[PDB]
Participant: 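Mind having a look at this structure? Questions to follow.
Just so it is clear: chains get the letters A, B, ... in the order the sequence lines come, proteins before strands, and each one is counted from 1.
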Amino acid sequence: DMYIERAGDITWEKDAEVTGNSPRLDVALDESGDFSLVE
Amino acid sequence: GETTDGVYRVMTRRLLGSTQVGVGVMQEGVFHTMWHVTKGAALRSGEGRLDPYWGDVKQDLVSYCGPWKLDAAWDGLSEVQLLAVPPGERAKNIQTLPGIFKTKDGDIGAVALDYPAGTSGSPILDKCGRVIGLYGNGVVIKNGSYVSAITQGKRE
Ligand SMILES: NS(=O)(=O)c1ccc2ncsc2c1
């Protein structure tokens with residue numbers, strides 16, 4: 001049995017930690033909603 | 001039940017202790033999350049009950065109490081923020097420039113950020129604070145790192 005608990009407001013944070021790269025990937029989506037890589 | 005707009009943790013007491021299985025967004029009286037977090041099961045908010053209204057396994061999205069309300073889209077150029085809500089940890093904003101998932105049916109924004117599975121459903125936002133999609137459905141690329149699509153629904 002699942003329940004929800006508030007965790008905060010949805011706001012943009014100025015001076016947030018900036019990380020992560022921008023990969024351009026060739027992907028496929030199946031009927032089950034699963035993403036996979038194409039080669 | 002609590003219906004204030006904002007980000008919420010999706011918890012369960014079925015397993016050992018209380019476990020966080022995912023995250024969602026409450027907007028305009030509708031709770032938005034990923035299908036794989038709840039599997040379309042009913043939700044509790046205090047003494048109130050939330051019933052699924054719309055859902056789709058292929059999109060990996062579900063809405064409770066009403067139709068999908070989030071319609072903002074990534075502009076394809078600007079940095080975004082993942083409002084990460086990790087299990088047992090405080091909400092935190094992480095800024096990043098999204099990459100692209102190229103599919104046979106068009107391109108989708110993607111964020112290369114690594115978090116525990118129970119962070120699925122955390123919103124991804126634009127500079128105006130609008131939810132452009134949810135984090136949690138993606139792929140593991142060469143090296144073992146995770147890349148999530150920026151999954152957005154359709155507002156009818
Ligand atoms: N089961 S799943 O493929 O949707 C999944 C797996 C790892 C993970 N890491 C961060 S969010 C997330 C979701």
Side-chain angles (χ1 to χ4, degrees), chain A residues 1-13 33 35, chain B residues 1-15 18-74 80-94 108-109 111 113-126 128-138 146 148-156:
Chain A
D1 193 63
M2 300 182 175
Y3 61 98
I4 62 179
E5 303 192 322
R6 207 178 180 262
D9 285 10
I10 298 168
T11 61
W12 176 265
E13 176 185 357
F35 283 110
Chain B
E2 189 170 21
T3 1
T4 313
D5 273 19
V7 66
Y8 287 70
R9 312 177 183 268
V10 181
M11 311 294 298
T12 178
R13 274 182 195 112
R14 190 177 57 84
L15 300 318
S18 316
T19 303
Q20 183 179 317
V21 292
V23 182
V25 172
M26 180 76 70
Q27 184 170 128
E28 300 158 55
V30 171
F31 191 65
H32 306 75
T33 194
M34 312 213 77
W35 187 275
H36 79 264
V37 173
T38 67
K39 310 305 192 322
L43 305 174
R44 162 164 68 79
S45 178
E47 264 188 323
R49 183 196 172 118
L50 312 201
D51 295 319
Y53 181 95
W54 167 80
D56 193 271
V57 164
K58 189 174 168 178
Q59 295 185 47
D60 187 32
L61 293 170
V62 53
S63 65
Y64 289 79
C65 314
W68 189 267
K69 303 285 190 177
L70 318 177
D71 55 351
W74 180 45
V80 310
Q81 264 173 29
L82 170 59
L83 172 41
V85 187
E89 296 179 355
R90 186 146 57 240
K92 201 183 44 265
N93 293 65
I94 311 292
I108 313 171
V111 287
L113 287 170
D114 263 80
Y115 280 97
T119 312
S120 293
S122 286
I124 301 163
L125 4 165
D126 63 26
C128 290
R130 300 179 289 168
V131 178
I132 61 168
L134 306 180
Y135 169 84
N137 193 32
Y146 183 70
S148 168
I150 294 175
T151 306
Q152 186 57 293
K154 185 221 177 216
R155 187 186 181 119
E156 303 284 321

Participant: Look at the side chain of B:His32 and the backbone N and O of B:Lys69, then say whether any donor-acceptor pair between them is shorter than 3.5 Å.
Facilitator: yes
Participant: For the backbone of B:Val37 and the side chain of B:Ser120, can you confirm whether one donor and one acceptor N or O come within less than 3.5 Å of each other?
Facilitator: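 No.
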Participant: Using atom types as modelled and distance alone, determine if a side-chain donor or acceptor of B:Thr33 lies under 3.5 Å from a backbone N or O of B:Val23.
Facilitator: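 It does hold such a pair.
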Participant: Using the rule given for side chain to side chain donor-acceptor pair (under 3.5 Å), can you reason through B:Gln27 versus B:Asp5, listing the C-alpha separation, both sets of side-chain angles and the distance that settles it, and then say yes or no?
Facilitator: CA-CA 5 Å; B:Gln27 184 170 128; B:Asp5 273 19; 5.3 Å; no
Participant: Return the CD1 to CH2 distance between B:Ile150 and B:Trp74, rounded to the nearest 0.5 Å.
Facilitator: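 Here the interatomic distance stands at 6.0 Å.
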Participant: Supply the atom-to-atom distance B:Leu134 CG to B:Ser148 OG, rounded to the nearest 0.5 angstrom.
Facilitator: 9.0 Å
Participant: How close do B:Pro52 and B:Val62 get, counting heavy atoms only, and between which atoms?
Facilitator: CB-CG2, 4.1 Å
Participant: Quick one: do B:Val30 and B:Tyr53 satisfy side chain to side chain contact (heavy atoms under 4.5 Å, CB included)? Show the steps, please.
Facilitator: CA-CA 9 Å; B:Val30 171; B:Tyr53 181 95; over 6 Å; no
Participant: B:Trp68: what forms a side chain to side chain donor-acceptor pair (under 3.5 Å) with it, not counting sequence neighbours?
Facilitator: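 For B:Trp68 the side chain to side chain donor-acceptor pair (under 3.5 Å) partners, ignoring immediate neighbours, are B:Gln152.
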Participant: Under 3.5 Å, is there a donor-acceptor pair between the side chain of B:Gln20 and the main chain of B:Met11?
Facilitator: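 No.
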Participant: Quick one: CZ on B:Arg14 to CE on A:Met2, what's the gap to the nearest 0.5 Å?
Facilitator: 7.0 Å
Participant: Among B:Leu82, B:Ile132, B:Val7, exactly one meets side-chain contact (heavy atoms from CB on, under 4.5 Å) together with B:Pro123. Which residue is that?
Facilitator: B:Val7
Participant: Quick check against the 3.5 Å criterion: does B:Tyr135 have a side-chain atom that pairs as donor or acceptor with the backbone of B:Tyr115?
Facilitator: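 Pair found, side chain donor or acceptor close to backbone of B:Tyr115.
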Participant: Taking CZ in A:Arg6 as the centre, count heavy atoms belonging to other residues, nucleotides or ligands within less than 6.0 Å. Is the count above 12?
Facilitator: yes
Participant: Decide yes or no for B:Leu125 and B:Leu83: does some side-chain heavy atom of the first lie under 4.5 Å from some side-chain heavy atom of the second?
Facilitator: yes
Participant: Any non-hydrogen side-chain atom of B:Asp126 less than 4.5 Å from a side-chain atom of B:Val80?
Facilitator: no
Participant: Less than 4.5 Å apart, any side-chain heavy atom of B:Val25 and any of B:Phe31?
Facilitator: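 Counting from C-beta outward, B:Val25 and B:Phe31 never come under 4.5 Å.
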Participant: To the closest 0.5 Å, what do you measure between CG (B:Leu70) and CD1 (B:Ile124)?
Facilitator: 11.5 Å
Participant: Do B:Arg9 and B:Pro87 touch side chain to side chain, with heavy atoms closer than 4.5 Å?
Facilitator: no
Participant: So, the side chain of B:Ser63 versus the backbone of B:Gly66: is there a donor-acceptor pair under 3.5 Å, distance only?
Facilitator: yes
Participant: Please report the C-alpha distance between B:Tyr64 and B:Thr38 in whole Å, then the side-chain angles of each, then the deciding distance to 0.1 Å, and finally whether the side chain to side chain donor-acceptor pair (under 3.5 Å) criterion is met.
Facilitator: CA-CA 11 Å; B:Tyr64 289 79; B:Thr38 67; 2.8 Å; yes
Participant: Keeping B:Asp56 on the side-chain end and B:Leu61 on the backbone end, is there a donor-acceptor pair under 3.5 Å?
Facilitator: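 No.
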Participant: Would you confirm whether A:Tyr3, through its side chain, and B:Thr12, through its main-chain N or O, come within 3.5 Å as a donor-acceptor pair?
Facilitator: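 Such a contact is absent between A:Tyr3 side chain and B:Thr12 backbone.
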Participant: Can you check whether B:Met26 reaches B:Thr4 side chain to side chain, under 4.5 Å on heavy atoms?
Facilitator: no
Participant: Determine which pairs satisfy salt bridge (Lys or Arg N to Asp or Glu O under 4.0 Å) with at least one residue from residues 24-46 of chain B, sequence neighbours left out, and list them in order.
Facilitator: A:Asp1-B:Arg44, B:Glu28-B:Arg155
Participant: Whether B:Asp51 and B:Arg49 form a salt bridge (side-chain N of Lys/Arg under 4.0 Å from carboxylate O of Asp/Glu) is what I want to check.
Facilitator: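 Judged by the 4.0 Å cut-off on N to carboxylate O distance, B:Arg49 and B:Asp51 do form a salt bridge.
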Participant: State, with a plain yes or no, whether a side-chain heavy atom of A:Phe35 is found less than 4.5 Å away from one of B:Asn137.
Facilitator: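 Side chain of A:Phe35 against side chain of B:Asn137, heavy atoms only: contact under 4.5 Å found.
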Participant: Backbone N or O of B:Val85 within a donor-acceptor pair of the B:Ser122 side chain at under 3.5 Å?
Facilitator: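 Between the backbone of B:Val85 and the side chain of B:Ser122 there is a qualifying donor-acceptor contact (under 3.5 Å).
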Participant: Could you report the tightest heavy-atom contact between B:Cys65 and B:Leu50, atom names first, then the distance?
Facilitator: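 Smallest heavy-atom distance, with atoms named: SG-CD2, 3.9 Å.
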Participant: What closest approach, in Å, do A:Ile10 and B:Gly6 show between heavy atoms, and which atom pair accounts for it?
Facilitator: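 For A:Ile10 versus B:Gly6, the nearest heavy atoms are CD1-C, 3.6 Å.
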Participant: Report yes if some heavy atom in the side chain of B:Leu113 is under 4.5 Å from a heavy atom in the side chain of B:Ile94; otherwise report no.
Facilitator: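 They are in side-chain contact.
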Participant: Taking B:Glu2 for the side chain and A:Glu5 for the main chain, is one N or O donor matched with an acceptor at less than 3.5 Å?
Facilitator: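 Not a single qualifying donor-acceptor pair exists.
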Participant: Minimum heavy-atom separation for B:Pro86 and B:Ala84, please, with both atom names.
Facilitator: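 Heavy-atom minimum between the residues: CD-O, 3.3 Å.
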